[PDB]
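Take a look at this one chain, the form deposited in one PDB entry, written out in structure tokens.
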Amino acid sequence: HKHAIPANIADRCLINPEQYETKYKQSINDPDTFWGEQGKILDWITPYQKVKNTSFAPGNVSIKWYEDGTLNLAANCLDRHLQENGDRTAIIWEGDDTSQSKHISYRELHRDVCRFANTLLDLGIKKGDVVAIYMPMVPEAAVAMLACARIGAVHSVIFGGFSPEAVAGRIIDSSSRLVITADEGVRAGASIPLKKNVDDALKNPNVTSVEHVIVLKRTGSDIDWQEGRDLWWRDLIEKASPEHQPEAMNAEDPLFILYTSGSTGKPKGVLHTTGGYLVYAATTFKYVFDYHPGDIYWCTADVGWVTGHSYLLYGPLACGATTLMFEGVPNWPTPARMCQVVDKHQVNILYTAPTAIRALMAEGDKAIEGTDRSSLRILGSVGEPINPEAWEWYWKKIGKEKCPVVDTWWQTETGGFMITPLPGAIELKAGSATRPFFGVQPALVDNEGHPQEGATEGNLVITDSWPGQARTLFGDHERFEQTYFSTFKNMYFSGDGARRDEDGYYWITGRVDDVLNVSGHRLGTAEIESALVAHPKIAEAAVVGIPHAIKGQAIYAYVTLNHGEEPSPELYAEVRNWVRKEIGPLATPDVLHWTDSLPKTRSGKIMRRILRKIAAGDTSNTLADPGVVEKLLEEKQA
């Protein structure tokens, strides 16, 4: 069943059903005219002439948009709003402790970004240098990111929940010259030891590139200090000039890297450039959230993830919006926190994740108790499939049956929304991402690469480029080709499956590759296997996901110990804590299945479908030793 577009949205919407159809058609039939005009959402220092210049061809994957144009992202997100909107709040910051908040005007944000841009330059950071940012959800994380972009440095934001080992790996791969961090993060009443984690990471002997660590005194806790290397945020910024002239960057200058888990190996740095990325971020934000001047917008995603890059910071600031940055979690101190934040700051647009929605739904009316929620006009969901029932609960309880829900499918590699409703254009189906965005040509293919027509299911590919597309993997364009453009030739393979219904609506069913989705976190099964195998007692490991009401998927690890070793309950917690140390809490296995019965072909291939099935609780429906299946079932029952 479809939800109709409500009258209030019809009355204000930037894109109606007719306009979506018209614009979508032009975007496909004439990308140069379409994106040529749409690119004017940004200010350009030297105008572009070329618009679309892309290829997905074998051996010739090359993605360029607006390539002869120049611009500055920070001028688009800050400077150009100053004359008329300097006094407008750019960032509302809400502390974990509600007694703590700030409204940061465009003018104040610009001033600090200029100070910090000069701070970076004075420290010897140059255009093209990579800067690691390992920060909690505080406004200074935004300042750091915007200052890096302003001077053309390439920020690489590392999610604050990653372990020292995970932080070291990212620093090593990117050759980061500087780490920006805080003494501690504050989340749900608890402290995260960020600087200490940096300290431990930098002790890795393979870290050779870091010259300084800039530290924000957030809590003022006791921390170790390395004289010469470590520098206090306040001491530097107070000394810095508030005057900084932005310089022209080429459209195709690198903007940021984000380490992203894949089907094979360890996370790789997904690279975005400047022009097409920002155009796409601004355009998707504006149209999908139907943003009007004055709308208070709140995306709940951490700055450490792509959603935080595109839809907490860059898209909203480019459009001159007020964006809310929340330090804490949607359910602390109480499940009603998210809606208390909504009421306190009169949020009109809320964009959150199914894991959060499921967590609040489990508490029922405790999630809305004593809250009003009337300021909301638009709801959004991102990061994982949303089951219809959760969708309906979100729509009914948070939106009060008054707000369109925009379920936005996309990925780190795509820069911005790819398949999504537009609230005044597209009638909603609970659990469906609905239609492709302007410039996006999706298709479904079988495992052999044959396009599947009509209402059908298959491997979800995108058959042409779009401005927000990631341009390479950091220092490895050949792997970029292999990973995304070799399975289905001349096509971008998302690694997701999807069904398309009779209306042409897409229903994304999840990864078809060996990538998990655990509480909205994208994780490779292979990286968890490597982390497990690095443990001195463990010989072999096979990791699969299982359905989980709360997390969406849980991590189920089949583990073979070195010959001579025997399991114990102490070993269970030891191995869990080991993975917590190797990667972080986000990757901790929910189940450890001690076995000597890993199911291998005669060649040595591990049969993963059976392990997936057994772990899910299936008892029904090539192997070197076929009697392993029986043993595995028995052990699963224990």
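When you see a residue number, it is the position in the sequence shown, counting from 1.
The discussion below concerns the form deposited with a small molecule bound, not included here.
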**Message:** Looking at heavy atoms inside 4.5 Å, which stretch does the small molecule contact in the deposited complex, given the options 75-83, 298-306, 175-183, 556-564?
**Reply:** 298-306
**Prompt:** Looking in the deposited complex, any heavy atom of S519 within 4.5 Å of the small molecule?
**Reply:** yes
**Message:** I'd like to know whether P585 contacts the small molecule in the deposited complex, with contact meaning heavy atoms within 4.5 angstroms.
**Reply:** yes
**Prompt:** Just to confirm, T355 within 4.5 Å of the small molecule in the deposited complex by heavy atoms?
**Reply:** yes
**Asked** Is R500 close to the small molecule in the deposited complex, meaning a heavy atom pair under 4.5 Å apart or at it?
**Response** no
**Fill in**
Of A539, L123, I192, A248, the only residue with a heavy atom within 4.5 Å of the small molecule in the deposited complex is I192
**Request:** Identify, from the list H593, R580, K52, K613, the residue with a heavy atom within 4.5 Å of the small molecule in the deposited complex.
**Result:** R580
